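Spelled out, the chains give:
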Amino acid sequence: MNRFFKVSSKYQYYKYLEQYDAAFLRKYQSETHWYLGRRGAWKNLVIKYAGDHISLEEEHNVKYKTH
Amino acid sequence: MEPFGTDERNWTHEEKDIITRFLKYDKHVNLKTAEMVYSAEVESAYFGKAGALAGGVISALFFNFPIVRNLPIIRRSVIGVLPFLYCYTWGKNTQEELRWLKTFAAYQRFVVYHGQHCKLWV
Amino acid sequence: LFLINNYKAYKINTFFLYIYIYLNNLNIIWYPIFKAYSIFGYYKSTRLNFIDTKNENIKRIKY
Amino acid sequence: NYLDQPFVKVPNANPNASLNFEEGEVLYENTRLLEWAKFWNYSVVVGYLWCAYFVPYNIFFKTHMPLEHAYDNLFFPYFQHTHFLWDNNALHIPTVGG
Amino acid sequence: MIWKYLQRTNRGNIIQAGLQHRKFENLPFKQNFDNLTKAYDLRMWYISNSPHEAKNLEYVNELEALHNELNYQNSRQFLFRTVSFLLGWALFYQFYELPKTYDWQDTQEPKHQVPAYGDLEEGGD
Amino acid sequence: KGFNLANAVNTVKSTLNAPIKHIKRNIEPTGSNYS
Amino acid sequence: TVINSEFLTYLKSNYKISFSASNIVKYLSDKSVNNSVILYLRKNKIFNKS
Amino acid sequence: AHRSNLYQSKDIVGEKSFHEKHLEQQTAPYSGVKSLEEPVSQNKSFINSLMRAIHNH
Amino acid sequence: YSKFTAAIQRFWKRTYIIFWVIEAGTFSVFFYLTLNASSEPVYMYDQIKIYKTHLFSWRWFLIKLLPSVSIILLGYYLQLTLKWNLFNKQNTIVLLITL
Amino acid sequence: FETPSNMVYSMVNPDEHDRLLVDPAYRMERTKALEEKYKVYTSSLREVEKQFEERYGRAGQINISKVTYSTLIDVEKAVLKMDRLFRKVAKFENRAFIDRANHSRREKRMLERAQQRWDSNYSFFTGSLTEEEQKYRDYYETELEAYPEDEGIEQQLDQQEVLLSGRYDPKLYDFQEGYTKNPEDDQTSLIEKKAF
Amino acid sequence: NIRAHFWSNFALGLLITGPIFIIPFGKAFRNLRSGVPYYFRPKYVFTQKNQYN
Amino acid sequence: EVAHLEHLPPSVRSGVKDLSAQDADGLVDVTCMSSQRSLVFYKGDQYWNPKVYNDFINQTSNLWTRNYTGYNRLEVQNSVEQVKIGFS
Amino acid sequence: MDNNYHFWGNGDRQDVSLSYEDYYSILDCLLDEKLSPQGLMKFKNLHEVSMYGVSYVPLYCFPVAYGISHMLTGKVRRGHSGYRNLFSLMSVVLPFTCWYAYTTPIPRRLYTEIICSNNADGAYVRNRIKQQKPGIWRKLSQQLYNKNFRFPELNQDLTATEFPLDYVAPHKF
């Protein structure tokens, strides 16, 4: 178990990393979870809310509706 | 009239020139075939000059390109003249191809006109 | 067999045998499982001979 | 409406007030990449132009004689093409533009 | 006589084949396609013939990992071989002198190029 | 003090070996497993 | 995992194992347990019945 | 201060440009064929002397 | 998110195959008509159609085929390496296929 | 592609799922807690199965061939050997990233030894040793001086581990001639049975 | 007449192609190219190969 | 944010040999994990500042550890921390 | 060896060898009015044998194309799953193997009877190939002279008082 040695940031939140093994973080912050590791997935929630509502059905592209 | 097959010799430059000057000036050739060769000569001539000129302009721009402009003179010159060589070759090849395709069409028309192809009759 | 044994330590014969061996193992081919079940489904397909020797298949009446 | 998340808060648009953006030590510097970038980008564009507009324009509008790859697989007799006796309702203009 | 080598079946054709120990002795110090395939085959044969479930499930996990790694190795092989094939194809046709001296009779139809029934295609008698 | 073929060959080798790192980086597998 | 001897004795005295486990997890070794990936499934109210 | 460093970091050594590498290569001394300049009598021939001159200038 | 179930994926696979089957019907009829194309009688009207085999050289066809097989192989490589590659690293393959 | 089978699904409430998505620290904490729970649950199931087997005994013997028995043991040993080889290869490949502090010195030692052995000399390897493995030994000198994964000793220990695992106890197997259509016992000669 | 001869030869061929070619060909399915004995690779149907070989 | 930058090992363990970073002049790809972006550096000492380079390398190399290769006969017992049950 | 050496569509090693491409090109430069009823019979038998042969050649080349296409994909056999790449590479490679096969001369009794017959039909065919197919006749003349055939139409004719009509490739006198 190669534990996360030290987080040099002054943000006390990032201190959570020191508790876990390198393999544990590698499994849940990389490989399968690469598109999710160490990121606050608020955009997933926003885009889900965009998709599931009865919005305007005239879509120009992914980002914008039709003018 | 020409031999046909995979093993046969392709048309050489001398043969193409001789056939072109035969179709242009000889009798036994209808006016339409000669006019076809003349129109081949007129329209094809633009492409050699156009390719050479476009290559010259592109090479002048390329001689001062962001990486080319900071190369030693020998490498800079070679890289700068590469677009000119490419476009000049394109122009010459396009001119030759257009002219010879139209000339060969005229030659086929002449051969059919004088019935000089076996397995071809009205 | 005596002749073959006699010409076993020769470098030329050993070189020919080495070339033969190298050509033999040159082409090793992998056969994947291309069904959506993949490894676990195939593994569960190969359990017939050993299911009856398992504790959940022992006769054990509730009453 | 979609930013009004009911259980969590979306991140603030501005950076956290604890962060300090004053310049510090330079770590890595490979500036020549920019030049390379320019070069490649410009090259591609130039090539793109030559391969997409100049050559098609010259072999479509500046001549009537076809090239070999236009009819080598066909068994029509030889003929020339004109830009004006085709596509009366111009559906090729929006297609080319797009 | 004849039945000894015509009717008496050989031993090997009946019993299950054993592991070829020659092919696992001197292995290259690499995680190459050969070694990965050997490991995959070993674990697949084991889970196909083993009554032990703990080792079987461990080998199932390791087999999935080996499948991913072998997919990567095959992607490298496919890229290199197909790029070489395409470049060789292009170079061959760049240097090959294409025969352009084939017969052109198919493009010529004198009865149709100059319609032999001219002035009669429209009903006239 | 002039053209030399050894320097030219070295420059050609450097030109050929320059794009190797970028092609290898493109072929590199990332730390992503898109199952 | 280590289970205390006193706790095991308490379990054995209070509960007598009379039936087998139908869960296939019982065959997993500790090597295979450590290789598992914990995925999450949001469980909310269901309105679509198809 | 930035212009005095020509808009590059003072702490980074940097990579030599095409011109600098070219000049570094072109000013390298030419060490000719050293086997020709030996006290061996075989180098006293006219052909050997001609080759020595034309190579070790 | 939250819409692409297994039923939807199967629906879109079916939609793809249905569209390509529909487009392959009229083309099939045209190809069948092309095979047994109408012609004049061989005896006096059309004595030359015996020699009009309309055979095109295979060498020219083979040199024609290169870009299509190239994009097929590049697309397969793009789809296989999507397991362990990112979007910016695959933009090279995507741009090559586009060109 | 392959379908992984190491996924354990845990249900969460929508509020907790939102917090998991937007809070990586909470996500890691809950994930490690659930992994501990999975370990506990698996151990509990294993203990229950042990108690059941003790109370009621085995379901029955396994009809296997002696050839298949020997091949299973050989496959296990070969798998262990290849895992050890892959471990060594990975340690050598990832040398520049695992330990970046000593990489320069270890690489200098490895390269100088390799140059010495392959310059003005011919390196003659015997057995399974290769140039790559010798470079691996040169790089990890200090590590291999502590616990050398010696191939012969590790193979002996692998065989001992395989045989002591308890899976291959002959009392668990009813050895048979598998090829025969009717189930018949093992009919190898008496001396062959003694050698087995 | 020809037909009869042919069929005789056909039958004879089967005999002569029994031990000389096909059985030695079947000697190649004992092990794979990696040395591991033959095992089942299923295409679509995961048939249970419970019997011996 | 430097806290989010990591030099992640490849997902395919056999592909470490086929990396640019194996070369002395290759490329080093550092992933920003809070945005899943890539920073490609040239691993030549002339492009780096020695006063901060070692600190950056130490801070970004935390998930490329020895477990990536595997556990030998001795480290497998320490691969996890035992869960003690019933000790109260 | 074989029990069907009488068959007209059969041949031995030292028979006149013509590839299918050469045979079709030769057919393209002949007239049926100039041939006796025996020569027409030879050509018709050759036609049926050759139609079956040209039908079968891709079947002969399929194993080699299959192997080469498999080796181009890699060392993985994804049966029923790599069919798309396998058959794209097949549609590319099988034409190449068929190119090598169709450009390969094959010996036949009908080939050696049509070309090397000493009657008027043989002379007509030889001269027609000599004039209308100079390259085919160049190769064929080399082959015939190598096989101890002595005809006036051969370029390698030491008894002729007229110069050869083509380049005489080097050969052992």
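Residues numbered from 1 in each chain as written, not as in the entry; some residues may be left out. Chains lettered and ligands numbered in written order. Part of a larger assembly, values for the part shown. Heavy atoms only, no water.

Looking at the PDB entry, one finds chain M named Transmembrane protein, putative, with Tetrahymena thermophila as its source organism.

Per the PDB entry, the recorded name for chain L is Transmembrane protein, putative, and the organism is Tetrahymena thermophila.

All names here are of chain C. On the surface, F2, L3, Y7, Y10, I12, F15, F16, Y18, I19, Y22, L23 and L26 cluster together into a nonpolar patch covering about 1300 Å² of accessible area. Where the nonpolar patch is concerned, the elements lending two or more residues are α1 (2–6) and α2 (11–24). It is α2 that provides the largest number of residues to the nonpolar patch, a total of 7 residues. Among the secondary structure elements, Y22 is positioned in helix α2. Here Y22 falls in the partly exposed class, since its relative accessible area comes to 41%. (Patch = residues over 30% accessible without salt bridge, like charges linked within 9 Å, V, L, I, M, F, W, Y side chains within 5 Å. Areas by Shrake-Rupley, 256 points an atom, 1.4 Å probe, with all protein chains shown as cover. Salt bridge = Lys/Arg side-chain N within 4 Å of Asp/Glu carboxyl O. Helix = DSSP H or I, 4+ residues; strand = E, 2+ residues; numbered from the N terminus. Buried < 20%, exposed > 50% of the residue type's maximum accessible area, 1.4 Å probe, protein only.)

Contacts between the two partners involve 14 residues from chain M, matched on the other side by 14 residues from chain E. Together chain M and chain E conceal approximately 1200 Å² of surface at their shared face, both sides included; 62% is due to carbon and sulfur atoms. Broken down residue by residue, the surface that chain M buries against chain E is led by M:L72, M:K75 and M:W99, which jointly contribute 39%. Counting the contacts that link chain M with chain E gives 1 salt bridge. Note that M:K75 is salt-bridged to E:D34, the shortest N-O span being 3.5 Å. Where chain M packs against chain E, one counts 5 residue pairs in polar contact. Sorting the residues of the side of chain M that touches chain E by element identifies α2 (37–73) and α3 (83–102) of chain M as the ones contributing at least two each. If one sorts the elements of the side of chain M that touches chain E by residue count, α3(M) sits on top with 6 residues. (Contact = heavy atoms within 4.5 Å. Buried area = accessible area lost by both parts, 1.4 Å probe. Polar contact = N/O pair within 3.5 Å; in protein donor to acceptor, adjacent residues only side chain to side chain.)

There are 42 pairs of chains in contact here, and the one with the most contacts is chains E and J. Chain C makes no contact with chain B, the minimum C-alpha separation between the two being 38 Å. When C-alpha atoms are compared, chain F and chain G, though not in contact, are closest at a spacing of 13 Å.

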